[PDB]
């Protein structure tokens, strides 16, 4: 039977993409720890740019990798719709693709204008906290004729074109809209030549290293498949001759692999598959050979454990990308030896990621044996103090996310959230990986979990009030209260909070003589007390206007010290809210906290 349950892995991979969503989430949201976020995206330019996916463990919406991810996901669904159908994940794949494509449509207000980034890398990365309460400004960036971006425009064209093929039978109207958009974007990319990173501040994160030549071939091919227009195939084959050669020879690049930046490698296989020309077969063969048996004595580094390690960053992402394409190629090539070689290589690399390695551990969060528990992800972590170090363990399980893994050919790895090398996660990391999984499900099978996702429960009160006796007294009660917002299911703002402290009027105490004072109060200090009925009264502290959210030391809490002086006769032992308050700060269950008038914590009399 399947060495690993590929269907379950795919099922969880689809969940990962759902957890990366930005904007107003649907009613059917499966990720209980995710809520609405980035609701003001595009506002700075008068556009609705909400939606799309957060790139990695951060909250920037990087259009280049986002588009590539979409193209790769669509490609896998086209190659193996059966894998998706059998794992019962086809509806989730479509849902995910529709989500990102709806964003691309919004980001393309007119034929030659494409918004390629929402958020600033540096501003975004300086803060460590949940997406729902991001406190910083998020700038929108775009490319147009004045400052083009052929690479990102052609990639978005390819994503929309590829995706249209997936919706073709389901929603032909939607598929038509995507094709129309892809045509415009490609014309823009072809007419106004230029590297997008020269126009938008993405160079430090997703710089266009390879340039746009590869995207022109890639985009042309996909539009050909989506339209059936021969001119596109012609365009692709023409542009193919301008692809990068290697070092000193006239041999096209074969030492890297396909990823968010370089699509050359994908076109080798795609064109070979389409035309059957020896030209493409030679290129594709050379590349895949380098990753397996080597060419001219040179071969991609391999660990003793059997992992192909291309580079330090997202090592497993590269191996998985190659594995998917090797699986596709293995089907078109006739050579029995090459077919076996490429196919077996792909299965071995994916199996390594699922647990077949020297550590005997899965590299997919929430899957298999001894998986990573602390991926470098802000929202999954759920910090409320703007610290990557607290709490020790991530508060949520980011099911399905493939981590960077071993960055050196020695199979070494440490599950450490602070290691952005080994524990980084990203939308592009799961792209080739998912497509590979779909191919494997079709071949080896597997069964998805009937009840997934699990419903997580909070690790304690999320929004509450702690209290302690600040100064002991007989004619007064001085409390030191602390409002806390450590929410994570999902993280949410508390900007309209107030709390009540009930007390019973005592014999010999005139309510008119009761005073409430403070020497330190981050909220308002009331002048009077409120009579409920009989001898029941309450003091109300008003914190409306204070933004209490899980995003920093001072941000997540509000300190309130208040003294209720009643004079001789004052007796707190018959006071409702006094029950259980001691000398140590601890949750006060009898002090009720309200959010815009609605009880959120504590029990009233």
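Positions refer to the first chain, counted from 1.
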Higher of the two mean Cα B-factors (563 to 571, 540 to 548; per PDB record) comes from 563 to 571
Quick note on 577 to 585 and 8 to 16: per-entry mean CA temperature factor is higher in 577 to 585
Identify, among 359, 378, 138, 106, the residue whose C-alpha carries the highest B-factor in the deposited PDB entry.
106
By the CA temperature factor listed in this entry, which of these ranks top: 227, 525, 387, 321?
227
Mind checking which third residue 347 falls in for C-alpha B-factor across the chain?
lowest
Taking the values exactly as deposited, rank residue 512 by C-alpha B-factor within its chain and report the matching third: lowest, middle or highest.
highest
Among modelled residues of the same chain, the CA temperature factor third for residue 257
lowest
Quick tally, chain-level thirds of C-alpha B-factors: residue 26 sits in the highest
Report the third (lowest, middle or highest) to which the CA temperature factor of residue 50 belongs, ranking only the modelled residues of the same chain.
highest
